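Here you get one chain, nothing else, as structure tokens; it is the form deposited in one PDB entry.
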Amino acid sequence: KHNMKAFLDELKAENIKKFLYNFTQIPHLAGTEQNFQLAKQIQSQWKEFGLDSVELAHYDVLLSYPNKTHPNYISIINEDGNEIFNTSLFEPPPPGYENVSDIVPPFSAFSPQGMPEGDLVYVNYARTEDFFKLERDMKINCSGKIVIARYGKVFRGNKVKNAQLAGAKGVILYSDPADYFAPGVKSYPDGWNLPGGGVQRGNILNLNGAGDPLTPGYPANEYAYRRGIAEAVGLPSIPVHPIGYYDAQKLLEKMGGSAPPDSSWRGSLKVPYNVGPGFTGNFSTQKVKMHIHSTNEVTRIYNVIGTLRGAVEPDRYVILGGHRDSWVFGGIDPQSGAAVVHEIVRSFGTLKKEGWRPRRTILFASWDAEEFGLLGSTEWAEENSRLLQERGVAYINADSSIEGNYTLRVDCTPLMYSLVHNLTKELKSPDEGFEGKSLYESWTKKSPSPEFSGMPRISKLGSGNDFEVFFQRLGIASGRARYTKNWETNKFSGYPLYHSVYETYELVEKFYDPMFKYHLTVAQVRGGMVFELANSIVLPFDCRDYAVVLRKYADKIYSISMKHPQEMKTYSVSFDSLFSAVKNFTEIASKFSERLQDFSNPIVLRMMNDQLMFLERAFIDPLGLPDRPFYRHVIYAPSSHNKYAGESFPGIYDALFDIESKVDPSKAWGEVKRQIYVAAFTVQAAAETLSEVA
């Protein structure tokens, strides 16, 4: 029989291991020849595996690269202008790769060029609240200073945005062992910790969903009209560069001015973590100088797009996508995900060769230039937006399959919650101590829901990966799942060797997943979800789960507002319409669920499947969120303070945020009321898509 069990049994750990090895021998940086050759390899193999069509879709987008003959570095310079200390020009390469060429040195992609020299101020994680503490409580002025911030807690692009608005003239990012060195584990190559010479690469854009900075709204195809650089979307205006903790220690050890305001500002290095500005008395005349010579350049990128045509509903698309480009070898990010995708394609292709086809069309994607701003997935979605919005059922992402070996991590739309719970009850746990138990059981035990006993935690989607255009722009139900660690305060910081030259095949095979059993479990979750979405007669979405969360998010936003009871009285700020809409949604969803259970008629079925598919789409506002026109989902957007975190009712959240500091309270509360009206209207309109159609 050709059922889900046949699909799942065909998946093999040893194939995933072979593919991961094959994908991680040389760097695959976006826009380079090596990554184009990998794209051609994948296209060839997906054809062999049995897909109906496999094409490359290419775009010409703005990328950023260091200058190979003019390296980036930071100095401490004395009053004579002698550079008395320099940061490293490259990470020491790992064993057996000291002769690989084309390893890009650490840099912050899209940094402008410059050689700013100044006094340092230390800004902790450079979060919005860190800058509030500095400026409002400690009265420290960052204007004209170089800021130094530790990586962690929030997306680095938010750090740079915050530093810019504070008037910084440059930013130095570094990895503190407090956040990137787990106690009791050895540094790479002897364990999975970050060495003092290791450095985290990564872009520092603030694109807000735009895609290629030069072509917002439209695909960067051959005849595209491009904005000039000065009008490009999301580029930083000050130079930025990342360093490891050996180098950071040299920059921080001389720091003077104010003590850190409290212990949450101190990392694990043997330095005082003084905030500055500038160095202590003896070194008061030394300055820090950046030298950044990176260049932005329009460069061709390639997505691989494979199609397995549906037998019954070929005009309904279930998409499984993950990126192929890596900063260096990509042992975890992204090739641990790409190897899982490759084995899923292989498995579906095996069934196809035996005569089976899915009910709906499945599209498989190997995206390019994810690391430079989700460019490949966003350009392709801009090109195909009309097909996706009328035909897109679901998007399942597949970046890193593992970032630890403790338990499952899932973020998805509430419409997928029931699907995830049901699938994981049918899968075997790979965990020690849970042999013969379900993955649901182990996951629920290790990661309990904060609301409901006997259920696991599933989080909101944020951004920082390729599902963003599909979910936040186009309103296609999306999900993602991987294996993770037990390290809650580090849930947005990355694993220790994230985006470093040390993230290699050997890292994974020695320290994370020697038997490839966690990879295999993630392949069964991602693959199983795709199978059910593409094959279930009725789409496996439960609208009642959206009704439950909408009440939770309404209670939450109401509670934030109620911190300001006098203003709510003065400006007549009522959440009544929003609660009314949520109540109506709950009632209508309950009635729709009853009909869905209660109907041989394929028109009524498809009518009902269209109601299910277009429910996520109903939360899209075509006017977008304030000053973020490509974030259109009214219930969820990436947090304005941390692109990685999802925020619920973001329009109302941002209208309320720091409202006690706004100079015109009448205008600020007016905008809160406006966002409540938009949210109540959208929830009611989404509910009405589930009413009887006539």
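Basically, rigid core = biggest C-alpha set you can superpose within 1.5 Å across the two forms. All residue numbers are counted from 1 along the displayed sequence. Shifts are known only where both forms have a C-alpha.
Keep in mind that the form deposited in another entry is missing from the display, and what follows is about it.
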Hey, after the core superposition between this form and the one not shown, which of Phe492, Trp265, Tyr73, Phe283 has the C-alpha moving 2 angstroms or more? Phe492
Knowing the shift is 3 Å or more, I'd like to know if the C-alpha atoms of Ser264 and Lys491 are closer or farther apart in the other form than in the shown chain. closer
With a change of at least 3 Å, which way does the C-alpha separation between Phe492 and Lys643 go in the other form: closer or farther? farther
With the core superposed, could you pull out the runs of three or more residues whose CA atoms all shift by at least 2 Å between this form and the one not shown? 487-494
